[PDB]
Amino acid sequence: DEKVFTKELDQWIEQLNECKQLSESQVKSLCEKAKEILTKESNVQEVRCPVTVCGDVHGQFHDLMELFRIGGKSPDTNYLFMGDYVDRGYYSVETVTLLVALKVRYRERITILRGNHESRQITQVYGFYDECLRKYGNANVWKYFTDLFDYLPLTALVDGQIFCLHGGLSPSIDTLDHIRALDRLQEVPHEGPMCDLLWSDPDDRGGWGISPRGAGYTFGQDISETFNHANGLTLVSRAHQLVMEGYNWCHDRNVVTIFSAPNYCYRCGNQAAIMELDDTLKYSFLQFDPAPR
């Protein structure tokens, strides 16, 4: 009964691992089930250590495979992904449908959060719409995922202490309870606290400041510290920005940026990284180059 679907799902995972897309209605079923799980997760997802934290993948499916060779196979190692699964790469489809397959198979072994790119408006331009189209004769697959994306949680809190986040802080938010009071079940707005969470950046400047990218604010050490102390946090973990070293500390290690897509769009030449948080929440980084072809 459930065991029949468990093994149906195991094969979907075997298959995706060979970079082979599921079909339009297998995808449709996977997304109905995932909503059902995600609708139960809070905007600030309690996550327990140990767990490995990752950032932007942006459709680089062969590099995601490479990530698993570094950090180990799910479900053996627990994961937290901070979004940007989609757009830019050629395998945004294979890529997302794997990770949400994993979520549906292993509720408790993987957490997926919303990036700025899990948006109707952005996927329509940076490639995920067109990819879906090429690969499945029509727009439903895209419609099934972008409805799903609305149900993805905004933030995660690892062990009451480390705050995981795609983008960054918001001048509209002072506390985690401010975040849990939001309504996440909607397309990402062009402005507001929800927008900020998935668009903001850390800065060498002080205080707030407008983002150079057209949405959300920038923020300085002074802001990081205020917010952390206020909420009792060791650290803010985030993605969103390409960093050449794969990870990058700032604001006196109140903030770290993790970017998990090596050689972004075959040009940028960065490395990728993931952060392992062991059994007692102590950090450790693994840097990697892209998979050879």
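Take the two forms, superpose them, and find the largest set of C-alpha atoms that agree within 1.5 Å; that set is the rigid core. Residues carry their position along the shown sequence, with the first being 1.
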Practice task
Overlaying the structures in 4 other deposited structures of this protein on the rigid core, point out which of 87-95 and 118-126 has the bigger RMS C-alpha shift.
Solution key: 87-95
Fill in the blank from the handout: For 103-111 versus 187-195, entry-based mean Cα B-factors point to 187-195
Handout entry: Between the two ranges 223-231 and 61-69, the one averaging a larger CA B factor in the entry
Key = 223-231
Completion exercise
From the entry's CA B-factor values, the highest among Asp177, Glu94, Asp84, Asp150 is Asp177
Problem - Chain-wide C-alpha B factor ranking for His117, given as lowest, middle or highest third - result: middle
Handout entry: Ranked against its chain, the third holding the CA B-factor of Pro75
Key = lowest
Exercise for the section: Quick one: classify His166 as lowest, middle or highest third of the chain based on its Cα B-factor. Expected result: lowest
Exercise for the section: Could you look up the Cα B-factor of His240 in the entry and say which third of the chain it sits in: lowest, middle or highest? Expected result: middle
Completion exercise
Tertile call for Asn43 (CA temperature factor, within chain, third-based) is the highest
